[PDB]
2 protein chains.
Amino acid sequence: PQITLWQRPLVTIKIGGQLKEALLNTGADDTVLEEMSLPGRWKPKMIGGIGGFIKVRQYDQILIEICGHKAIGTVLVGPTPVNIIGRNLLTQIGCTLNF
Amino acid sequence: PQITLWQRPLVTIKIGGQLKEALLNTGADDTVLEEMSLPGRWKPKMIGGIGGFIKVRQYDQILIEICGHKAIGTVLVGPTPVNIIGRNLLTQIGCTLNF
Ligand SMILES: COc1ccc(S(=O)(=O)N(CC(C)C)C[C@@H](O)[C@H](Cc2ccccc2)NC(=O)O[C@H]2CCO[C@H]3OC[C@H](O)[C@H]32)cc1
């Protein structure tokens with residue numbers, strides 16, 4: 001679709017067998033999801049935003065469905081206040097900015 | 001123009017007579033610029049991000065030129081790690097996410 005920005009650009013995702021809502025976030029290099037149950041290996045990581053830093057777990061080659069579009073990539077899991085789909089996955093679904 | 005997301009979507013802005021670079025940020029409701037000198041009056045405001053919160057100064061009705069598109073709106077100024085243009089100004093320049 002084309003999505004305008006008068007509202008938060010929220011979309012439905014499916015990951016780890018679960019349905020969630022997430023914000024399409026061009027301001028985010030990586031994808032960060034709130035605490036959820038994901039299977040498999042992970043790695044400790046620390047990531048920074050506006051107010052400081054958080055600790056997350058890094059899952060690689062995770063299948064995620066974003067507004068119907070499948071992508072496979074790194075997903076970070078941790079105490080983010082909002083589920084964030086970052087450019088690492090946005091490029092995979094062909095998402096662009098336009099004005 | 002159309003902007004893809006393989007790299008940070010950075011653009012040139014002009015605000016308060018000064019030239020700066022800023023990230024087009026669909027994940028940001030508001031616009032937040034690093035500490036810079038802006039003319040008139042402002043109001044205290046607290047904003048939350050991934051790792052906590054910061055104090056910013058709220059400037060209303062500020063003229064900003066974003067990649068050659070003029071907009072007038074609220075700009076927050078404070079200790080953000082990156083200049084970020086939020087949806088409040090993105091809607092003004094007609095910016096969309098799409099295909
Ligand atoms: C009240 O108004 C506002 C409230 C919160 C924000 S917010 O904290 O900045 N923010 C609000 C969201 C949290 C809902 C927008 C989000 O896109 C932010 C802007 C930002 C901030 C600092 C540095 C780079 C980019 N992206 C974000 O925090 O990124 C993290 C997580 C994802 O991967 C990384 O890539 C950049 C950064 O280093 C990492 C902005 C405005």
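All values below come from the heavy atoms of this structure, side chains included, with hydrogens, waters and symmetry mates left out. Chain naming here is simple, since letters A, B, ... match the order of the sequence lines and numbering starts at 1 in each. Numbering of ligands and ligand atoms starts at 1, following listing order.
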*asked:* Testing B/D30, B/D29, B/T74, B/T31 one by one against B/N88 for a side chain to side chain donor-acceptor pair (under 3.5 Å), which residue passes?
replied: B/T31
_Interatomic distance, B/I50 atom CD1 to A/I84 atom CD1 [nearest 0.5 angstrom]_ = 6.5 Å
*asked:* Just to confirm my output: which protein heavy-atom neighbour is closest to atom 30 (C) of ligand 1, and how far is it?
replied: A/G48 O, 3.6 Å
*So which protein heavy atom does atom 26 (N) of ligand 1 come closest to, and at what separation?*
A/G27 O, 3.3 Å
_Within this structure, what is the CG-CG distance for the pair A/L5 and B/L90, rounded to the nearest 0.5 Å?_
6.0 Å
*For ligand 1, which atoms, with element, lie under 4.0 Å from some heavy atom of A/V32?*
31 (C), 32 (C)
*Could you find the nearest protein heavy atom to atom 40 (C) of ligand 1 and give me its residue, atom name and distance?*
B/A28 CB, 3.7 Å
_Which residue and heavy atom of the protein sit nearest atom 23 (C) of ligand 1, plus the separation_ = B/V82 CG2, 3.7 Å
*In terms of heavy-atom contacts, does CD of B/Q2 have more than 12 from other residues, nucleotides or ligands at under 6.0 Å?*
yes
*Would you find more than 12 non-hydrogen atoms of other residues, nucleotides or ligands less than 6.0 Å from A/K20 atom NZ?*
yes
*asked:* Name the residue from A/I85, A/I47, A/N25 that meets the side-chain contact (heavy atoms from CB on, under 4.5 Å) definition with A/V32.
replied: A/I47
*Does B/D30 reach ligand 1 with a nitrogen or oxygen that is under 3.5 Å from one of the ligand's nitrogen or oxygen atoms?*
yes
*Relative to the heavy atoms of B/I84, which atoms of ligand 1 are at a distance of less than 4.0 Å?*
9 (O)
*For ligand 1, is there an N or O atom under 3.5 Å from any N or O atom of A/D29?*
yes
*Could you list the atoms of ligand 1 found under 4.0 angstrom from a heavy atom of B/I47?*
1 (C)
*For B/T80, is at least one N or O under 3.5 Å away from an N or O on ligand 1?*
no
*Determine, stepwise, if the pair A/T80 / A/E34 fulfils side-chain hydrogen bond (donor to acceptor under 3.5 Å, both in side chains).*
CA-CA 5 Å; A/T80 177; A/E34 302 189 65; over 6 Å; no
_B/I50: numbered ligand 1 atoms lying under 4.0 Å from its heavy atoms_ = 31 (C)
*Judging by distance only, is a nitrogen or oxygen of A/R8 under 3.5 angstrom from one on ligand 1?*
no
*Which residue holds the protein heavy atom closest to atom 8 (O) of ligand 1, what is that atom called, and what is the gap in Å?*
B/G49 CA, 3.0 Å
*Record the part of B/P81 in heavy-atom contact with ligand 1 below 4.0 Å; permitted values are side chain, backbone, both and neither.*
side chain
*Starting from atom 19 (C) of ligand 1, locate the nearest protein heavy atom and write down its residue, its atom name and how far away it is, to 0.1 Å.*
B/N25 ND2, 3.1 Å
*With under 30° as parallel and over 60° as perpendicular, where do the rings of B/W42 and B/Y59 fit, or are they tilted in between?*
tilted
*Carefully, step by step, assess A/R8 and A/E21 under the rule salt bridge (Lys or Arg N to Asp or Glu O under 4.0 Å).*
CA-CA 11 Å; A/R8 290 192 186 211; A/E21 282 207 342; over 6 Å; no
*Could you pull out the closest heavy-atom pair between B/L38 and B/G16, with the gap in Å?*
CD2-CA, 4.0 Å
